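First comes one chain, alone, set out as structure tokens in the form deposited in one PDB entry.
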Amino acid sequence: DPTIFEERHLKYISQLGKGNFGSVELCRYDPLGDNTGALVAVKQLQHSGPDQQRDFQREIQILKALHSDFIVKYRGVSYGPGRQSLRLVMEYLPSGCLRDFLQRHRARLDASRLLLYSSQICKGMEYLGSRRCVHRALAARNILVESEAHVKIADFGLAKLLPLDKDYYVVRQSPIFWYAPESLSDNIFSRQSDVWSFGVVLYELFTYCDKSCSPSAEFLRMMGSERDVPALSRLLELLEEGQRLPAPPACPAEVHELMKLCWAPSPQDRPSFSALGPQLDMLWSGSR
């Protein structure tokens, strides 16, 4: 099996990302032991009990089964005698995440390129949808840059498959400003709750992930004068009153319209990724 990587030939280099229960590390797979082997991204767990190990095994099986140009590529696993020694080996994308890329190259990325990224993310999300996978972490920081015109969805740590007989599932630290109100209120997740997140992703792209325009900064602006109202409680009120993130300056009207539709109160009033994609394509392809 070329998908089995020998733990002893994985040489640690640096950290790519960190969560509460895991890290993704840059490593070299160096079976010749002369430091010429290929670089890979390797996820492993820390501070993990059975639930986290169980979620990690699911993550491995999910990603291994996805074959899309817009989803980060599974390469294999590693293991050893060690208790927490199971690792997920993925492709390494050295241009990093889209959030950083947009902040760094803002000046040279026009609305046409942002449209292109939007279209690609949407297609990877359509691909997930057709496999009944709810991603749950869809944000610019979890999208990778393969090249200047090619992005890929990553961080499957929270991804979960829908049952064959329901179109949602329920769970028992969430990025609150990316989450659908039913997910924050009632822990209901669906492909339509990923549509909501995608709308915040649009927001990010067309603000170039600028920190002064971030969802959290806008929230603090909209918050009103009572600054000791717990964020989640006040966000739920604001969303229930019909308040939404404002249109960025870079935003064409049509993209702002799609954002607002992604943020329809009822999940069932939100467009599917299949309905969004052709609209983003009209705009993108029509902006070449």
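One rule holds for the numbers: they count along the sequence shown, beginning at 1. We call the rigid core the largest set of C-alpha positions that still match within 1.5 Å between the two forms.
This protein has a second form, the form deposited in another entry, left out of what is shown; the following refers to that one.
**Q** Let me spell it out: fit the two forms on their rigid core, measure each listed C-alpha, and pick the one of 238, 66, 247, 39 that moves 2 Å or more between this form and the one not shown. Which is it?
**A** If I go through the list carefully, the shifting residue is 39.
**Q** With both forms fitted on the core, give yes or no for whether the Cα of residue 227 moves by 2 angstroms or more between this form and the one not shown.
**A** Result for residue 227: yes, a 2 Å-plus shift.
**Q** Does residue 28 move its CA by 2 angstroms or more between this form and the one not shown when the core is aligned?
**A** Shift of 2 Å or more: yes.
**Q** After the core is matched up, is the C-alpha of residue 10 off by 2 Å or more between this form and the one not shown?
**A** It does shift by 2 Å or more.
**Q** Residue 241 and residue 226: do their C-alpha atoms lie closer or farther in the other entry than in the form you see, with a change of 3 Å or more?
**A** Here the pair is closer than in the other entry; there, farther apart.
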